[PDB]
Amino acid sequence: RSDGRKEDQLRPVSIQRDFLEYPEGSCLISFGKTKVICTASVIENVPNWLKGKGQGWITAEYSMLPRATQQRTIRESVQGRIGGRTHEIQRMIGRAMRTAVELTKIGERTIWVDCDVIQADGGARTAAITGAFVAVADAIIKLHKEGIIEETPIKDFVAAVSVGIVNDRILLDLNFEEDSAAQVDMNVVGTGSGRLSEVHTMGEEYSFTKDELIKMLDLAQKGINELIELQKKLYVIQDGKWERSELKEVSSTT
């Protein structure tokens, strides 16, 4: 691989909590050169169709500053049209966060997750899901510490990683060049207990076999595990009670 990395090897991973002061939860996560700021802010209100149903909600916003892969990613303001690809990803991130939280116990409020890619080199959305989780859990823990809610209703850790087939090679966590040159690529969202929340595999003008998929899904689940082992060092959990550990930052041994 271009960076001397093994095929079943994640790039250097770094997760820094308390990145910003205002949000209830926030972090700066990095998978190699891909960097995303993830913030979780609490809005004391719920979407109109949820009022009264004794439940909270989580929703995400994703943005890719104009310097994606060292090119240009002009937003939606001073540009024009509103592409539905940002939306695909925000929906994904929203689904990952809600699966990890028992919204029943959050109260009628909303955790607004903001994922801001400040530098992209592939795997931006998977880095965003991995980081967003840290911000959401911290935010729920913060809400508890403030007496706003009774417990810390987090069900499990959630992380994500990309994987693909490049020159008939199965690689974990692809950078931007490995992914543009990929025949088949995939994104997997997994949980702490080894379960899956989401999986999308797309042949890029190539088709693949049930078996190649399983091989990719096995390499992804291992990546998800390593990423969750990292997240885990940020918390001290017992019988569903979550507290932050004293680590403000955790990185991979690489």
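Note that residue numbering follows the sequence shown and begins at 1.
Asks: For the stretches 223 to 231 and 64 to 72, which has the higher mean C-alpha B-factor as given in the deposited record?
Replies: Taking the mean C-alpha B-factor of 223 to 231 and of 64 to 72, the larger value falls to 64 to 72.
Asks: Which is higher on average in the deposited entry, the C-alpha temperature factors of 51 to 59 or of 200 to 208?
Replies: It is 51 to 59 that shows the higher mean C-alpha B-factor.
Asks: Pick out which of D116, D138, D168, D156 has the highest C-alpha B-factor in the PDB entry.
Replies: Of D116, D138, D168, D156, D168 has the highest C-alpha B-factor.
Asks: Highest Cα temperature factor in the entry, among the options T130, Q79, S162, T152: which one is it?
Replies: Of the options given, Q79 has the highest CA B-factor in the PDB entry.
Asks: Taking the entry's C-alpha B-factors for this chain, is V134 in the lowest, middle or highest third?
Replies: It belongs to the lowest third of the chain when residues are ordered by C-alpha B-factor.
Asks: Quick one: classify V101 as lowest, middle or highest third of the chain based on its Cα B-factor.
Replies: Its C-alpha B-factor belongs to the middle third of this chain's values.
Asks: Check where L174 lands among this chain's C-alpha B-factors and tell me if it's the lowest, middle or highest third.
Replies: Ranked within chain, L174 CA B lands in the middle tercile.
Asks: Sorting by Cα B-factor within the chain, modelled residues only, which third would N187 end up in: lowest, middle or highest?
Replies: Ranked within chain, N187 CA B lands in the lowest tercile.
Asks: Please rank the C-alpha B-factors of the chain's modelled residues and tell me whether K145 sits in the lowest, middle or highest third.
Replies: It belongs to the middle third of the chain when residues are ordered by C-alpha B-factor.
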